[PDB]
file coords.txt (compact mmCIF, N, CA, C and O atoms)
# COMPACT_ATOMS: atom_id res chain seq x y z
N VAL A 159 120.28 83.27 63.10
CA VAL A 159 120.00 82.22 62.12
C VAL A 159 121.19 81.27 62.13
O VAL A 159 122.31 81.66 61.80
N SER A 160 120.95 80.02 62.52
CA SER A 160 122.04 79.07 62.62
C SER A 160 122.66 78.83 61.25
O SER A 160 121.98 78.99 60.23
N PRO A 161 123.94 78.44 61.18
CA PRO A 161 124.85 78.19 62.30
C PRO A 161 125.55 79.45 62.82
O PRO A 161 126.52 79.34 63.57
N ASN A 162 125.07 80.62 62.42
CA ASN A 162 125.73 81.86 62.81
C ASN A 162 125.64 82.06 64.32
O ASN A 162 124.74 81.54 64.99
N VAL A 163 126.60 82.81 64.86
CA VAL A 163 126.68 83.11 66.28
C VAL A 163 126.50 84.60 66.47
O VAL A 163 127.15 85.40 65.78
N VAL A 164 125.62 84.99 67.39
CA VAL A 164 125.32 86.38 67.66
C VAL A 164 125.46 86.64 69.16
O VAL A 164 124.97 85.85 69.98
N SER A 165 126.14 87.73 69.50
CA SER A 165 126.26 88.17 70.89
C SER A 165 125.85 89.63 70.97
O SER A 165 126.23 90.44 70.13
N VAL A 166 125.07 89.95 72.00
CA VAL A 166 124.50 91.29 72.17
C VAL A 166 125.04 91.88 73.46
O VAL A 166 125.13 91.19 74.49
N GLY A 167 125.40 93.16 73.42
CA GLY A 167 125.97 93.83 74.57
C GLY A 167 125.47 95.26 74.67
O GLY A 167 124.84 95.78 73.75
N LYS A 168 125.79 95.88 75.80
CA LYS A 168 125.28 97.21 76.10
C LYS A 168 126.11 98.31 75.45
O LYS A 168 127.32 98.17 75.25
N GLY A 169 125.45 99.42 75.13
CA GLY A 169 126.10 100.66 74.77
C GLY A 169 125.52 101.80 75.57
O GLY A 169 125.07 101.60 76.71
N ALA A 170 125.50 103.00 75.01
CA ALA A 170 124.85 104.11 75.69
C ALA A 170 123.34 103.91 75.72
O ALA A 170 122.75 103.36 74.78
N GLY A 171 122.71 104.36 76.80
CA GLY A 171 121.27 104.28 76.92
C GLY A 171 120.82 103.53 78.16
O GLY A 171 121.63 102.90 78.84
N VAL A 172 119.52 103.61 78.47
CA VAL A 172 118.96 102.95 79.64
C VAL A 172 118.11 101.78 79.15
O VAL A 172 117.06 101.97 78.54
N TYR A 173 118.57 100.57 79.43
CA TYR A 173 117.84 99.36 79.08
C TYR A 173 118.58 98.17 79.69
O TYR A 173 119.62 98.33 80.34
N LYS A 174 118.04 96.98 79.46
CA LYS A 174 118.61 95.76 80.00
C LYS A 174 118.55 94.65 78.96
O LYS A 174 117.73 94.68 78.04
N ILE A 175 119.43 93.67 79.13
CA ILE A 175 119.53 92.52 78.24
C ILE A 175 119.07 91.28 78.99
O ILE A 175 119.54 91.00 80.10
N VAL A 176 118.15 90.53 78.39
CA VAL A 176 117.65 89.29 78.96
C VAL A 176 117.79 88.19 77.91
O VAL A 176 117.37 88.35 76.76
N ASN A 177 118.38 87.07 78.32
CA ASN A 177 118.61 85.93 77.44
C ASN A 177 117.82 84.73 77.91
O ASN A 177 117.86 84.37 79.10
N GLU A 178 117.10 84.10 76.99
CA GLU A 178 116.41 82.85 77.27
C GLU A 178 117.34 81.68 76.97
O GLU A 178 118.42 81.84 76.39
N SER A 179 116.92 80.49 77.39
CA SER A 179 117.74 79.30 77.19
C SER A 179 116.85 78.07 77.23
O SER A 179 115.89 78.02 78.00
N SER A 180 117.18 77.08 76.40
CA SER A 180 116.46 75.81 76.39
C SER A 180 116.88 74.89 77.53
O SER A 180 116.25 73.84 77.71
N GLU A 181 117.91 75.25 78.28
CA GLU A 181 118.37 74.48 79.42
C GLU A 181 118.05 75.23 80.71
O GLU A 181 117.42 76.29 80.72
N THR A 182 118.50 74.65 81.83
CA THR A 182 118.33 75.27 83.13
C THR A 182 119.59 75.03 83.96
O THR A 182 120.34 74.08 83.71
N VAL A 183 119.81 75.89 84.95
CA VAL A 183 121.02 75.80 85.75
C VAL A 183 121.10 74.44 86.44
O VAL A 183 122.17 73.83 86.51
N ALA A 184 119.97 73.95 86.95
CA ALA A 184 119.99 72.68 87.66
C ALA A 184 120.46 71.54 86.77
O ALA A 184 121.24 70.69 87.22
N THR A 185 120.00 71.50 85.52
CA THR A 185 120.37 70.42 84.61
C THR A 185 121.75 70.63 84.00
O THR A 185 122.31 69.68 83.43
N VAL A 186 122.31 71.83 84.09
CA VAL A 186 123.58 72.11 83.44
C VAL A 186 124.74 71.94 84.42
O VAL A 186 125.81 71.45 84.04
N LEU A 187 124.56 72.35 85.67
CA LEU A 187 125.67 72.37 86.61
C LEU A 187 126.41 71.04 86.70
O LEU A 187 127.65 71.06 86.69
N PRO A 188 125.75 69.88 86.80
CA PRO A 188 126.52 68.63 86.94
C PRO A 188 127.53 68.40 85.83
O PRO A 188 128.64 67.93 86.10
N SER A 189 127.18 68.73 84.58
CA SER A 189 128.11 68.53 83.48
C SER A 189 129.35 69.40 83.64
O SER A 189 130.48 68.94 83.41
N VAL A 190 129.17 70.66 84.04
CA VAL A 190 130.30 71.57 84.20
C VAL A 190 131.28 71.03 85.23
O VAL A 190 132.48 70.89 84.97
N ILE A 191 130.77 70.70 86.42
CA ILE A 191 131.67 70.20 87.46
C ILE A 191 132.30 68.89 87.03
O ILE A 191 133.46 68.61 87.35
N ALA A 192 131.56 68.06 86.29
CA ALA A 192 132.14 66.82 85.80
C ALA A 192 133.32 67.09 84.88
O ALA A 192 134.33 66.38 84.94
N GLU A 193 133.22 68.10 84.02
CA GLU A 193 134.29 68.34 83.05
C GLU A 193 135.54 68.91 83.73
O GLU A 193 136.66 68.47 83.43
N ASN A 194 135.37 69.87 84.63
CA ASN A 194 136.52 70.50 85.28
C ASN A 194 136.08 71.03 86.64
O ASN A 194 135.10 71.78 86.72
N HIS A 195 136.80 70.64 87.69
CA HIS A 195 136.42 70.98 89.05
C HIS A 195 137.37 71.97 89.71
O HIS A 195 137.45 72.00 90.94
N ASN A 196 138.10 72.77 88.94
CA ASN A 196 139.08 73.70 89.49
C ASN A 196 138.50 75.12 89.59
O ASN A 196 138.92 76.05 88.91
N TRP A 197 137.51 75.26 90.47
CA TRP A 197 136.95 76.57 90.77
C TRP A 197 136.23 76.49 92.10
O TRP A 197 135.84 75.41 92.55
N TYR A 198 136.06 77.64 92.73
CA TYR A 198 135.52 77.67 94.09
C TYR A 198 134.31 78.59 94.24
O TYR A 198 133.39 78.25 94.98
N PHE A 199 134.30 79.74 93.57
CA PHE A 199 133.17 80.66 93.64
C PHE A 199 132.22 80.37 92.49
O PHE A 199 132.64 80.26 91.33
N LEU A 200 130.93 80.25 92.80
CA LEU A 200 129.90 79.94 91.82
C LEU A 200 128.97 81.13 91.68
O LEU A 200 128.34 81.55 92.65
N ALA A 201 128.88 81.67 90.46
CA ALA A 201 127.96 82.75 90.15
C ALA A 201 127.20 82.38 88.88
O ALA A 201 127.69 81.62 88.05
N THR A 202 126.00 82.93 88.75
CA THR A 202 125.10 82.53 87.68
C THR A 202 124.47 83.75 87.04
O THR A 202 124.35 84.80 87.67
N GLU A 203 124.08 83.60 85.77
CA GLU A 203 123.37 84.67 85.08
C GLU A 203 121.87 84.56 85.26
O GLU A 203 121.17 85.57 85.23
N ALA A 204 121.35 83.34 85.44
CA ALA A 204 119.92 83.15 85.67
C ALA A 204 119.51 83.94 86.91
O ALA A 204 120.12 83.80 87.97
N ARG A 205 118.47 84.76 86.77
CA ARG A 205 118.16 85.73 87.81
C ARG A 205 116.97 85.33 88.66
O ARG A 205 116.77 85.91 89.74
N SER A 206 116.17 84.36 88.23
CA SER A 206 114.84 84.13 88.78
C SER A 206 114.84 82.96 89.76
O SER A 206 114.86 81.80 89.36
N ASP A 207 114.81 83.29 91.06
CA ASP A 207 114.35 82.38 92.09
C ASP A 207 114.94 80.98 91.98
O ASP A 207 116.06 80.73 92.43
N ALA A 208 114.17 80.05 91.40
CA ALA A 208 114.57 78.65 91.39
C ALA A 208 115.98 78.47 90.85
O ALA A 208 116.72 77.60 91.32
N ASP A 209 116.38 79.28 89.87
CA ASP A 209 117.75 79.22 89.39
C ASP A 209 118.74 79.54 90.51
O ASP A 209 119.85 79.00 90.52
N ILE A 210 118.36 80.39 91.45
CA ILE A 210 119.23 80.71 92.57
C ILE A 210 119.17 79.63 93.63
O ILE A 210 120.19 79.26 94.23
N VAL A 211 117.97 79.10 93.90
CA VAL A 211 117.82 78.07 94.92
C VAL A 211 118.60 76.82 94.54
O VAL A 211 119.32 76.24 95.37
N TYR B 4 159.77 7.93 117.38
CA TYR B 4 160.74 8.41 116.36
C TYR B 4 160.43 9.84 115.95
O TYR B 4 159.28 10.26 115.93
N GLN B 5 161.48 10.59 115.61
CA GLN B 5 161.33 11.97 115.16
C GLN B 5 162.24 12.19 113.96
O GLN B 5 163.30 11.58 113.83
N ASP B 6 161.80 13.09 113.07
CA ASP B 6 162.46 13.29 111.79
C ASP B 6 163.12 14.66 111.65
O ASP B 6 163.67 14.95 110.57
N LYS B 7 163.10 15.50 112.67
CA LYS B 7 163.72 16.81 112.60
C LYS B 7 164.57 17.05 113.84
O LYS B 7 164.13 16.79 114.96
N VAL B 8 165.79 17.54 113.62
CA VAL B 8 166.62 17.95 114.74
C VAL B 8 166.01 19.13 115.47
O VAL B 8 166.09 19.20 116.70
N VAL B 9 165.39 20.05 114.75
CA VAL B 9 164.68 21.18 115.34
C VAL B 9 163.35 21.35 114.63
O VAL B 9 163.27 21.27 113.40
N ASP B 10 162.30 21.58 115.42
CA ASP B 10 160.97 21.80 114.87
C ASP B 10 160.35 23.00 115.57
O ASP B 10 160.48 23.18 116.78
N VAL B 11 159.68 23.84 114.78
CA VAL B 11 159.10 25.08 115.29
C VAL B 11 157.66 25.22 114.81
O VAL B 11 157.38 25.12 113.61
N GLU B 12 156.74 25.46 115.74
CA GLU B 12 155.37 25.78 115.39
C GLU B 12 155.13 27.28 115.49
O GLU B 12 155.62 27.96 116.40
N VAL B 13 154.35 27.80 114.55
CA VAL B 13 154.00 29.21 114.54
C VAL B 13 152.50 29.35 114.32
O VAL B 13 151.94 28.77 113.38
N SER B 14 151.84 30.11 115.19
CA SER B 14 150.40 30.31 115.13
C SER B 14 150.10 31.79 115.16
O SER B 14 150.71 32.54 115.93
N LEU B 15 149.15 32.22 114.33
CA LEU B 15 148.82 33.63 114.17
C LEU B 15 147.47 33.89 114.81
O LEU B 15 146.45 33.33 114.39
N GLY B 16 147.45 34.75 115.83
CA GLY B 16 146.22 35.15 116.47
C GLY B 16 145.78 36.55 116.07
O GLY B 16 145.33 37.33 116.91
N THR B 17 145.92 36.87 114.78
CA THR B 17 145.58 38.19 114.26
C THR B 17 144.41 38.15 113.28
O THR B 17 144.28 39.06 112.45
N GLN B 18 143.56 37.14 113.36
CA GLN B 18 142.47 37.01 112.40
C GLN B 18 141.51 38.19 112.54
O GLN B 18 140.98 38.43 113.63
N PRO B 19 141.25 38.95 111.47
CA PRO B 19 140.21 39.98 111.53
C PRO B 19 138.82 39.37 111.55
O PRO B 19 138.61 38.20 111.20
N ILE B 20 137.85 40.18 111.96
CA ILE B 20 136.47 39.74 112.11
C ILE B 20 135.54 40.79 111.53
O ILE B 20 135.78 42.00 111.65
N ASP B 21 134.47 40.33 110.90
CA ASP B 21 133.47 41.23 110.34
C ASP B 21 132.76 42.00 111.44
O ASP B 21 132.54 41.49 112.54
N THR B 22 132.39 43.24 111.13
CA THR B 22 131.75 44.13 112.10
C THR B 22 130.62 44.88 111.43
O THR B 22 130.61 45.04 110.20
N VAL B 23 129.67 45.35 112.24
CA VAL B 23 128.54 46.12 111.73
C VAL B 23 128.83 47.60 111.86
O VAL B 23 129.57 48.03 112.76
N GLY B 24 128.26 48.40 110.96
CA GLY B 24 128.47 49.83 110.97
C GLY B 24 127.18 50.63 110.98
O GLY B 24 126.32 50.43 110.11
N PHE B 25 127.04 51.53 111.95
CA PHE B 25 125.81 52.32 112.11
C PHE B 25 125.87 53.66 111.39
O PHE B 25 125.58 54.69 112.00
N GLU B 26 126.23 53.69 110.11
CA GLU B 26 126.31 54.96 109.39
C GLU B 26 125.43 54.99 108.15
O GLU B 26 124.61 55.90 107.99
N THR B 27 125.58 54.01 107.28
CA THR B 27 125.02 54.12 105.93
C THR B 27 123.50 54.05 105.97
O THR B 27 122.94 53.09 106.52
N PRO B 28 122.79 55.02 105.40
CA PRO B 28 121.34 54.92 105.30
C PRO B 28 120.90 54.26 104.00
O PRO B 28 121.71 53.95 103.12
N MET B 29 119.59 54.05 103.89
CA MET B 29 118.98 53.56 102.66
C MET B 29 117.73 54.37 102.34
O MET B 29 116.98 54.77 103.23
N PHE B 30 117.52 54.59 101.04
CA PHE B 30 116.30 55.18 100.52
C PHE B 30 115.72 54.24 99.48
O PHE B 30 116.41 53.88 98.52
N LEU B 31 114.46 53.86 99.66
CA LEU B 31 113.82 52.87 98.79
C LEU B 31 112.95 53.60 97.77
O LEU B 31 111.78 53.90 98.02
N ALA B 32 113.52 53.86 96.60
CA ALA B 32 112.86 54.66 95.58
C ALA B 32 112.18 53.77 94.54
O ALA B 32 112.23 52.54 94.61
N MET B 33 111.54 54.41 93.57
CA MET B 33 110.88 53.74 92.46
C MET B 33 111.55 54.16 91.16
O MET B 33 111.61 55.35 90.85
N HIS B 34 112.06 53.19 90.41
CA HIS B 34 112.73 53.48 89.15
C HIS B 34 113.10 52.16 88.48
O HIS B 34 112.84 51.08 89.01
N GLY B 35 113.71 52.28 87.30
CA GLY B 35 114.27 51.14 86.59
C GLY B 35 115.65 51.38 86.03
O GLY B 35 116.03 50.72 85.06
N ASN B 36 116.43 52.29 86.62
CA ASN B 36 117.71 52.69 86.03
C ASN B 36 118.73 51.56 86.01
O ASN B 36 119.44 51.42 85.01
N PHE B 37 118.82 50.76 87.06
CA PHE B 37 119.82 49.71 87.14
C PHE B 37 119.13 48.41 87.51
O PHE B 37 118.09 48.42 88.17
N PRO B 38 119.69 47.26 87.11
CA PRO B 38 119.00 45.98 87.33
C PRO B 38 119.07 45.46 88.75
O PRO B 38 118.09 44.91 89.26
N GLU B 39 120.21 45.63 89.42
CA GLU B 39 120.36 45.09 90.77
C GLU B 39 119.45 45.84 91.73
O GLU B 39 118.76 46.81 91.37
N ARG B 40 119.43 45.39 92.99
CA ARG B 40 118.50 45.92 93.97
C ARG B 40 119.06 47.06 94.80
O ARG B 40 118.28 47.83 95.37
N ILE B 41 120.38 47.18 94.91
CA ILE B 41 121.00 48.23 95.72
C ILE B 41 122.21 48.78 94.99
O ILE B 41 122.95 48.03 94.33
N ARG B 42 122.41 50.09 95.10
CA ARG B 42 123.60 50.76 94.60
C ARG B 42 124.06 51.76 95.65
O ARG B 42 123.24 52.43 96.28
N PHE B 43 125.37 51.86 95.83
CA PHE B 43 125.98 52.79 96.77
C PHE B 43 126.57 53.96 96.00
O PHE B 43 127.15 53.77 94.93
N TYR B 44 126.42 55.17 96.55
CA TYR B 44 126.92 56.38 95.92
C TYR B 44 127.65 57.22 96.95
O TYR B 44 127.28 57.24 98.13
N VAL B 45 128.69 57.93 96.50
CA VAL B 45 129.45 58.82 97.37
C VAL B 45 129.20 60.29 97.07
O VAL B 45 129.72 61.16 97.78
N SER B 46 128.42 60.60 96.04
CA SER B 46 128.10 61.98 95.70
C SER B 46 126.98 61.97 94.68
O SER B 46 126.73 60.96 94.01
N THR B 47 126.30 63.12 94.56
CA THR B 47 125.21 63.23 93.60
C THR B 47 125.71 63.14 92.17
O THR B 47 124.96 62.72 91.27
N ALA B 48 126.96 63.54 91.93
CA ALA B 48 127.51 63.45 90.58
C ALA B 48 127.52 62.01 90.09
O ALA B 48 127.34 61.77 88.89
N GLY B 49 127.74 61.05 90.98
CA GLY B 49 127.63 59.66 90.60
C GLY B 49 126.22 59.26 90.23
O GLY B 49 126.01 58.54 89.25
N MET B 50 125.23 59.73 90.99
CA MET B 50 123.85 59.40 90.68
C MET B 50 123.44 59.96 89.32
O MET B 50 122.78 59.28 88.54
N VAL B 51 123.83 61.20 89.03
CA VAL B 51 123.45 61.80 87.76
C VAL B 51 124.03 61.00 86.60
O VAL B 51 123.47 60.99 85.50
N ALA B 52 125.16 60.32 86.81
CA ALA B 52 125.74 59.50 85.75
C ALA B 52 124.83 58.33 85.41
O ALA B 52 124.67 57.99 84.23
N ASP B 53 124.22 57.70 86.42
CA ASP B 53 123.39 56.53 86.17
C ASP B 53 122.06 56.89 85.52
O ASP B 53 121.34 55.98 85.08
call {"tool": "encode", "arguments": {"input": "coords.txt", "output": "structure tokens"}}
result
Amino acid sequence: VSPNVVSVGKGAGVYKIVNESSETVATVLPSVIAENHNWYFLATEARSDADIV
Amino acid sequence: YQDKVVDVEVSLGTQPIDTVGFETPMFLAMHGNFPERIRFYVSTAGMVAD
């Protein structure tokens, strides 16, 4: 419930965490590189296909 | 009659000249982002700005 901030993480047990987002990697990446370009390895949390392509 | 004890002419044969370049391509798209007819870009980050 905004403006509160919530973060979820793993403990004991067998399950997985999936996060949705109103944005997409393609539309977000240009802003990041525009703000700061001091990195070389690119990794992403988006797991599905087009996000990787 | 002459008005100089010494006179010197100097001529420069170093004039540059315009040349054609076989590198830059063009893509004729459909949009209204900018008013002029052509824009040059050096990276996609520049295009995303416009």
call {"tool": "closest_residue", "arguments": {"input": "coords.txt", "among": "A:187, A:163, A:211, A:201", "to": "chain B", "atoms": "only C-alpha atoms"}}
result
A:187
call {"tool": "closest_residue", "arguments": {"input": "coords.txt", "among": "A:160, A:189, A:180, A:165", "to": "chain B", "atoms": "all atoms listed in the file"}}
result
A:189
call {"tool": "residues_around", "arguments": {"input": "coords.txt", "residues": "segment 20-32 of chain B", "least_positions_apart": "4", "cutoff": "8 Å", "atoms": "only N, CA, C and O atoms", "output": "PyMOL selection string"}}
result
chain B and resi 40-43
call {"tool": "atom_distance", "arguments": {"input": "coords.txt", "atom1": "atom O of residue 53 of chain B", "atom2": "atom C of residue 192 of chain A"}}
result
16.3 Å
call {"tool": "interface_residues", "arguments": {"input": "coords.txt", "of": "chain A", "to": "chain B", "cutoff": "12 Å", "atoms": "only C-alpha atoms", "output": "VMD selection string"}}
result
chain A and resid 184 to 193 195
call {"tool": "select_by_dssp", "arguments": {"input": "coords.txt", "residues": "chain A", "states": "alpha helix (DSSP H)", "output": "list in words"}}
result
residues 183, 184, 185, 186, 187, 188, 189, 190, 191, 192 and 193 of chain A
call {"tool": "atom_distance", "arguments": {"input": "coords.txt", "atom1": "atom CA of residue 38 of chain B", "atom2": "atom CA of residue 182 of chain A"}}
result
29.6 Å
call {"tool": "atom_distance", "arguments": {"input": "coords.txt", "atom1": "atom O of residue 203 of chain A", "atom2": "atom CA of residue 167 of chain A"}}
result
14.3 Å
call {"tool": "axis_aligned_box", "arguments": {"input": "coords.txt", "around": "segment 12-28 of chain B", "padding_each_side": "6 Å", "output": "lines of an AutoDock Vina configuration file"}}
result
center_x = 138.8
center_y = 40.7
center_z = 110.0
size_x = 47.8
size_y = 42.4
size_z = 25.8
call {"tool": "closest_residue", "arguments": {"input": "coords.txt", "among": "A:183, A:162, A:171, A:177", "to": "residue 209 of chain A", "atoms": "all atoms listed in the file"}}
result
A:183
call {"tool": "decode", "arguments": {"input": "coords.txt", "residues": "segment 185-200 of chain A", "atoms": "N, CA and C atoms", "output": "PDB file, in the first residue's frame"}}
result
ATOM      1  N   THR A 185      12.370  -0.657 -22.563  1.00  0.00           N
ATOM      2  CA  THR A 185      12.079   0.752 -22.332  1.00  0.00           C
ATOM      3  C   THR A 185      12.873   1.337 -21.176  1.00  0.00           C
ATOM      4  N   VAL A 186      13.481   0.494 -20.342  1.00  0.00           N
ATOM      5  CA  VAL A 186      14.185   0.994 -19.166  1.00  0.00           C
ATOM      6  C   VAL A 186      15.671   1.157 -19.447  1.00  0.00           C
ATOM      7  N   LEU A 187      16.262   0.237 -20.202  1.00  0.00           N
ATOM      8  CA  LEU A 187      17.712   0.244 -20.377  1.00  0.00           C
ATOM      9  C   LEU A 187      18.265   1.584 -20.841  1.00  0.00           C
ATOM     10  N   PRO A 188      17.684   2.271 -21.826  1.00  0.00           N
ATOM     11  CA  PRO A 188      18.292   3.537 -22.273  1.00  0.00           C
ATOM     12  C   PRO A 188      18.472   4.555 -21.159  1.00  0.00           C
ATOM     13  N   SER A 189      17.508   4.662 -20.243  1.00  0.00           N
ATOM     14  CA  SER A 189      17.634   5.625 -19.154  1.00  0.00           C
ATOM     15  C   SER A 189      18.814   5.287 -18.252  1.00  0.00           C
ATOM     16  N   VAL A 190      18.992   4.004 -17.935  1.00  0.00           N
ATOM     17  CA  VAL A 190      20.079   3.595 -17.052  1.00  0.00           C
ATOM     18  C   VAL A 190      21.423   3.977 -17.658  1.00  0.00           C
ATOM     19  N   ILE A 191      21.659   3.581 -18.908  1.00  0.00           N
ATOM     20  CA  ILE A 191      22.938   3.897 -19.530  1.00  0.00           C
ATOM     21  C   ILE A 191      23.104   5.401 -19.658  1.00  0.00           C
ATOM     22  N   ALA A 192      22.013   6.126 -19.909  1.00  0.00           N
ATOM     23  CA  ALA A 192      22.112   7.576 -19.973  1.00  0.00           C
ATOM     24  C   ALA A 192      22.581   8.162 -18.649  1.00  0.00           C
ATOM     25  N   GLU A 193      22.097   7.631 -17.525  1.00  0.00           N
ATOM     26  CA  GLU A 193      22.451   8.216 -16.236  1.00  0.00           C
ATOM     27  C   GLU A 193      23.899   7.925 -15.862  1.00  0.00           C
ATOM     28  N   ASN A 194      24.352   6.688 -16.054  1.00  0.00           N
ATOM     29  CA  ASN A 194      25.712   6.310 -15.674  1.00  0.00           C
ATOM     30  C   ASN A 194      26.158   5.155 -16.553  1.00  0.00           C
ATOM     31  N   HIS A 195      27.311   5.306 -17.197  1.00  0.00           N
ATOM     32  CA  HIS A 195      27.804   4.326 -18.153  1.00  0.00           C
ATOM     33  C   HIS A 195      29.038   3.577 -17.670  1.00  0.00           C
ATOM     34  N   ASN A 196      29.263   3.496 -16.359  1.00  0.00           N
ATOM     35  CA  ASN A 196      30.455   2.845 -15.819  1.00  0.00           C
ATOM     36  C   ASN A 196      30.148   1.413 -15.375  1.00  0.00           C
ATOM     37  N   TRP A 197      29.844   0.570 -16.358  1.00  0.00           N
ATOM     38  CA  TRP A 197      29.660  -0.852 -16.107  1.00  0.00           C
ATOM     39  C   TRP A 197      29.820  -1.596 -17.423  1.00  0.00           C
ATOM     40  N   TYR A 198      30.128  -2.880 -17.320  1.00  0.00           N
ATOM     41  CA  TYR A 198      30.451  -3.663 -18.508  1.00  0.00           C
ATOM     42  C   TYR A 198      29.623  -4.930 -18.651  1.00  0.00           C
ATOM     43  N   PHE A 199      29.322  -5.619 -17.555  1.00  0.00           N
ATOM     44  CA  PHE A 199      28.509  -6.828 -17.596  1.00  0.00           C
ATOM     45  C   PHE A 199      27.054  -6.462 -17.350  1.00  0.00           C
ATOM     46  N   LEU A 200      26.168  -6.962 -18.205  1.00  0.00           N
ATOM     47  CA  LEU A 200      24.742  -6.675 -18.120  1.00  0.00           C
ATOM     48  C   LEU A 200      23.992  -7.954 -17.780  1.00  0.00           C
TER      49      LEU A 200
END
